[PDB]
Amino acid sequence: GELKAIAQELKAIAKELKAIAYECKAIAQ
Amino acid sequence: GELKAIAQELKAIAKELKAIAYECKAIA
Amino acid sequence: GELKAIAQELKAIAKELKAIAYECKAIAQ
Amino acid sequence: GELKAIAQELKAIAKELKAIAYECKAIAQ
Amino acid sequence: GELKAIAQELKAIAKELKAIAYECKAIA
Amino acid sequence: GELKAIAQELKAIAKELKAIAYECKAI
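Right under this line is the structure:
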């Protein structure tokens, strides 16, 4: 239902932020 | 209802973050 | 009510991230 | 109540993203 | 309960974004 | 349940943002 849909969109948000954090780390060294 | 509106806005947020992740990588 | 207020704040969050994405893309090219 | 507390924290999040978007714009000029 | 837990994580998120905004301003 | 799942994804989001904040400062 709708609460699961919210949780799934939040999981997608976490995945994009993890990619951004990865690239941050890479830039730093 | 409003729970669907919340999920739709979160989907929009995820798409914008995906774009940001791409561009940041391209700029770098 | 309160669920509508939450959706409205998420809409504001989405708009600010769209502004950031736009600038990122402008800078990139 | 807790739903109002959630909305308030989302308002704080939008404000910080607005600041970040501002700096992006400043960087672009 | 879980609604309080959600509000607390959102507070932590706002705090990290405040740090990012600060660092943004400083790096620039 | 589903509210716990939401809280857990939000915790993960806070973690990734803390990492971004940390690496930024280094840069």
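Those protein sequences? They're chains A, B, F, D, E and C, same order as listed. With the first letter of the first sequence counted as 1, position 21 gets the number 21 in PDB author numbering; the numbers rise by one all the way through. With the first letter of the second sequence counted as 1, position 24 gets the number 24 in PDB author numbering; the numbers rise by one all the way through. With the first letter of the third sequence counted as 1, position 9 gets the number 9 in PDB author numbering; the numbers rise by one all the way through. With the first letter of the fourth sequence counted as 1, position 23 gets the number 23 in PDB author numbering; the numbers rise by one all the way through. With the first letter of the fifth sequence counted as 1, position 7 gets the number 7 in PDB author numbering; the numbers rise by one all the way through. With the first letter of the sixth sequence counted as 1, position 22 gets the number 22 in PDB author numbering; the numbers rise by one all the way through. Using N, Cα and C, we set each Cβ at its ideal position, and we do this for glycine too.
Quick check: the Cα distance between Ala-26(D) and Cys-24(C), rounded to an integer number of angstroms? Translated into the one-based positions of the fourth sequence, residue 26(D) becomes position 26. Translated into the one-based positions of the sixth sequence, residue 24(C) becomes position 24. When only Cα atoms are considered, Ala-26(D) and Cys-24(C) end up about 18 Å apart.
Three-state secondary structure assigned by DSSP to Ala-19(C): By 1-based counting over the sixth sequence, the position of residue 19(C) is 19. In this structure, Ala-19(C) counts as helix in the three-state DSSP scheme.
Do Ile-20(E) and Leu-10(C) have their CB atoms nearer than 8 Å? One-based indexing of the fifth sequence puts residue 20(E) at position 20. One-based indexing of the sixth sequence puts residue 10(C) at position 10. When the beta-carbon positions are compared, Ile-20(E) and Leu-10(C) stay at least 8 Å from each other.
According to DSSP, is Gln-8(F) part of a helix, a strand, or is it coil? Translated into positions along the third sequence, residue 8(F) becomes position 8. Correct three-state label for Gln-8(F): helix.
From the DSSP output, in three-state form, read off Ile-27(C) for me. In the sixth sequence, residue 27(C) corresponds to position 27, counting from 1. The answer is coil: DSSP assigns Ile-27(C) none of H, G, I, E or B.
Would you say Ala-7(B) reaches chain A, if we count a Cβ-Cβ gap shorter than 8 Å as a contact? Indexing the second sequence from 1 puts residue 7(B) at position 7. Taking Cβ atoms only, chain A reaches closer than 8 Å to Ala-7(B), which makes this a yes.
Under a CB-based cut-off of 8 Å, is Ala-12(A) close to chain B? Here residue 12(A) refers to the residue found at position 12 when the first sequence is read from its first residue. Judged by the 8 Å Cβ criterion, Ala-12(A) is in contact with chain B.
Look at the alpha carbon of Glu-16(B) and the alpha carbon of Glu-2(C), and state the distance between them as a whole number of angstroms. Looking up residue 16(B) in the second sequence gives position 16. Looking up residue 2(C) in the sixth sequence gives position 2. Approximately 25 Å between the Cα atoms of the pair.
With residue 72(F) and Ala-12(B) assumed to form a contact (beta carbons below 8 Å), what rounded beta-carbon distance in angstroms separates them? This structure leaves residue 72(F) out entirely; chain F is present only between 1 and 29.
Does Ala-26(F) come within less than 8 Å of chain D when only Cβ atoms are used? The sequence position of residue 26(F) within the third sequence is 26, counting from 1. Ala-26(F) has a beta carbon lying within less than 8 Å of a beta carbon in chain D.
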